[PDB]
Structure formats: C-alpha cells, structure tokens
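# Architecture at a glance
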Amino acid sequence: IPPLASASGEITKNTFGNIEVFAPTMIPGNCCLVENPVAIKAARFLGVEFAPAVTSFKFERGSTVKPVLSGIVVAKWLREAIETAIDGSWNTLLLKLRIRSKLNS
Amino acid sequence: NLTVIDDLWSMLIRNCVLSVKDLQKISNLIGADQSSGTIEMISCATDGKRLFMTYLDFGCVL
DNA sequence: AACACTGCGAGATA
DNA sequence: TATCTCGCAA
Ligand SMILES: [Ca+2]
Ligand SMILES: [Ca+2]
C-alpha cells in the first residue's frame, strides 16, 4: 500500500522523481492513474501536483534498460481537470482557458 | 460583469472575431484531438453566418 | 528491470 | 568583431 497524496494532491515519489505503478494496488487510494502520451505535458501545464508513472521497463539495444513513463498519477479530484487538459465544447474550452489564467498569474 | 465576459472572450491572440484558426489554436493547446472539420461548437456558434464568432455570439454560447 | 539534459566549441558574419 | 547554426557528448 503506497502512502496517500496530501490534501493539495502531492504524491510521494521515488529517488528518480517518478512513481512506480506496476499493479493497480500501487496507485494511492486517493489517486488515479492517467495513461496518455501527453498526460505529463498536461499536468505540467496546469501546474498541478502529479507524479510521472513508471508502468514498465523497455529493454533496448546496446546494454541498457529504460523506464516506460506511460503517464501520470494525480489525486482523484483532479482527474477531470487533467482529462480536460489532455482532452482539449465551447464552455469546456472557455472554462479551461479561464482556469489556465487564474492559475498562471 | 461585461469586463469579465470580454476578458473571457478576449483570451486569444488577436482582439479584432473568433476565427476558425483561433478556436483551433485553443482547442489544440488544451489537448484536443479535433479534426479540422470538428468545429461543431464554433461552427454552430455562428449566428449571422460570417464563418466566425463575434462577442454577442460568444455570449450566447456561454 | 532507470541517470540525467542540455553546454560548448567548430565555422562563419554583418 | 558580434551572431547564428549546428554538430556534438552523453
Ligand atoms: Ca480573432
Ligand atoms: Ca458570426
């Protein structure tokens, strides 16, 4: 059982700054895993608290294993924010703009 | 307030009518795999039919 | 079954 | 002499 995310949704991560998530069990109880090529760019764009998810290991040429960062672990209450961020009607697009601005400054 | 609505409507990169390219820019940046033919919201938003969305039409969409 | 990602000198430049 | 490119290393 991994430790829970803080109130602000901060995840506790390993030495490389990632969370290792090889089994559903490994997702914190108050968190969710969002797998998407751009889920990281999204969470960084929202400036919200997340942790990159190492879901497996890619074995590759020369001699070296590589971690597969297939996405993000965020707190549950930020799922739809993230999904909007990765995902983006008129109201949704506008509201995400409104948020992006109340957040940046 | 009107100022708040214009700000919401003035959150692009022109300040002239919301163009198809402008809506595309916003939808592409917030993550949206939307086809060029996936105007939908903006497309339907066009009340007077000039192929763009002016302030009054933006207000009515919101 | 995890290292990082960008600095730094080559030629060339009005 | 100030300015980019751009390969280059890891
Ligand atoms: Ca415009
Ligand atoms: Ca119109």
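The numbering scheme restarts from 1 for each chain and tracks the written sequence of that chain rather than necessarily the entry's numbering. Residues without coordinates are not displayed. Throughout, the order in which chains and ligands are written sets their labels, letters from A for the former and numbers from 1 for the latter. Every figure reported here is calculated on the shown chains, themselves a piece of a larger assembly. Note that water and hydrogens are dropped before the side-chain values are worked out from all heavy atoms of the structure.

- Per the PDB record, this model was obtained through cryo-EM at a reported resolution of 8.2 Å.

- The PDB entry lists chain B under the name DNA repair protein RAD33, from Saccharomyces cerevisiae.
- Looking at the PDB record, one finds the entry titled "Nucleotide Excision Repair complex TFIIH Rad4-33".

- Labelled according to the PDB entry, chain A appears under the name DNA repair protein RAD4, originating from Saccharomyces cerevisiae.

### Some remarks on the coordination of the calcium ion (ligand 1)
- The rule for donors is simple: an N, O or S atom within 2.8 Å of the metal counts, and for Na, K and Ca the reach is 3.2 Å. Water is not among the atoms, so a site may look short of donors. For the calcium ion (ligand 1), the full set of protein donor atoms is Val17(B) (O) and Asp22(B) (OD), and the range of their distances to it is 2.4 to 2.5 Å.
- Note on exposure labels: buried denotes an accessible area under 20% of the residue type's maximum, exposed denotes more than 50%, and partly exposed covers the range between, all computed with a 1.4 Å probe on protein chains only. Residue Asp22(B) is classed as buried on the basis of its relative accessible area of 3%.

### Here's the deal with helix α2 (residues 79-87) of chain A
- Runs of H or I in DSSP of at least four residues are treated as helices and runs of E of at least two as strands, each being numbered from the N terminus. Turning to α2(A), its buried residues number three or more, namely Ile82(A), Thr84(A), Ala85(A) and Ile86(A).
- Lining the buried residues of α2(A) we find β2 (31-35), α1 (39-46), β4 (65-75) and α3 (90-104) of chain A. Contact definition: two residues touch when any of their heavy atoms are within 4.5 Å.

### Some words on the interface of chain B and chain A
- Taken together, the contacts link 21 residues of chain B with 16 residues of chain A.
- Both sides together, the interface formed by chain B and chain A hides about 1,500 Å², and carbon and sulfur atoms give 72% of it.
- The term buried area means the drop in 1.4 Å probe accessible area that two parts suffer when joined, counted for both and summed. Interface area lost by chain B to chain A is led by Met11(B), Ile30(B) and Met41(B), which between them contribute 46%.
- Salt bridges are counted wherever a side-chain nitrogen of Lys or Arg sits within 4 Å of a carboxyl oxygen of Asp or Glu. The tally of links between chain B and chain A comes to 0 salt bridges.
- Whenever a nitrogen or oxygen atom comes within 3.5 Å of another N or O atom, the pair is scored as a polar contact, on the condition that within protein one atom can donate a hydrogen and the other can accept it, and that pairs from neighbouring residues in sequence are kept only if both atoms are in side chains. Run the count over chain B and chain A and you get 6 residue pairs in polar contact.
- Every element with two or more residues in the side of chain B that touches chain A is listed here: α2 (20-29), α3 (41-45) and α4 (55-61) of chain B.
- Looking at the side of chain B that touches chain A, the element that brings in the most residues is α2(B), giving 5 residues.
- Residues of the side of chain B that touches chain A, tallied by class, amount to 15 nonpolar, 5 polar and 1 charged. Each residue gets one of three labels, nonpolar for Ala, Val, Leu, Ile, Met, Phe, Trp, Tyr, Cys and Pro, charged for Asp, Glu, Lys and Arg, and polar for the others, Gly among them.

### A look at the packing of α1(A) against α2(A)
Residue and element names in this part refer to chain A.
- The angle between two axes is taken between their N-to-C directions and runs from 0 to 180 degrees, where each axis is a line fitted to C-alpha atoms and a helix contributes only its stretch in contact. Where α1 meets α2, the closest approach of the two axes is 9 Å, and the angle between their N-to-C directions is 115°. By the criterion of interaxial angle, the relationship of α1 to α2 is roughly perpendicular. As α1 runs across α2, the sense of the crossing is right-handed. Across the interface between the two elements, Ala39, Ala42, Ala43 and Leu46 of α1 pack against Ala81, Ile82, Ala85 and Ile86 of α2. The labels follow the angle: roughly parallel below 35 degrees, roughly antiparallel above 145, roughly perpendicular from 65 to 115, and oblique for the rest. When the near helix sits turned anticlockwise from the far one by under a right angle, the crossing is termed left-handed; a clockwise turn instead gives a right-handed crossing.

### So, empty space enclosed by the protein
- Looking at the largest cavity, its volume works out to about 120 Å³.
- Only protein atoms enter the 1 Å grid used here, on which a cavity is any set of points holding a 1.4 Å probe that cannot leave and a pocket is any open set flanked by protein within 12 Å on both sides along at least five of seven lines; residues with an atom within 4 Å of a point are listed as lining. In terms of lining, the largest cavity is formed by 13 residues, of which the most central are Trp90(A), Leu97(A), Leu12(B), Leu18(B) and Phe58(B).
- Contributing elements (two or more residues each) for the lining of the largest cavity: α3 of chain A together with α1 (2-9) and α2 of chain B.
- Element by element, the count of residues in the lining of the largest cavity is highest for α3(A), at 4 residues.
- Looking at side-chain class alone, the lining of the largest cavity contains 12 nonpolar, no polar and 1 charged residues. Grid points are joined across faces, edges and corners, and a volume is the space filled by probe spheres set on the points.

### Let's talk about the protein's contact with DNA strand C
All names here are of chain A.
- Here, proximity means that at least one heavy atom of the residue falls within 4 Å of the molecule or strand. Taken together, the neighbourhood of DNA strand C is formed by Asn14, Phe16, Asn18, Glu20, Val54, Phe57, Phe59, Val65 and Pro67.
- Each atom of DNA strand C within 4 Å of the protein was assigned to sugar, phosphate or base; sugar and phosphate come to 39%.
- Between DNA strand C and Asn14 there is a distance of 2.8 Å, counted from a base nitrogen to a side-chain nitrogen or oxygen.
- A distance of 2.9 Å separates a base nitrogen of DNA strand C from a polar side-chain atom of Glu20.
- Mapped by element, the contributors of at least two residues to the surface near DNA strand C are β3 (50-59) and β4.
- It is β3 that provides the largest number of residues to the surface near DNA strand C, a total of 3 residues.
- Class assignment for the residues of the surface near DNA strand C results in 6 nonpolar, 2 polar and 1 charged.

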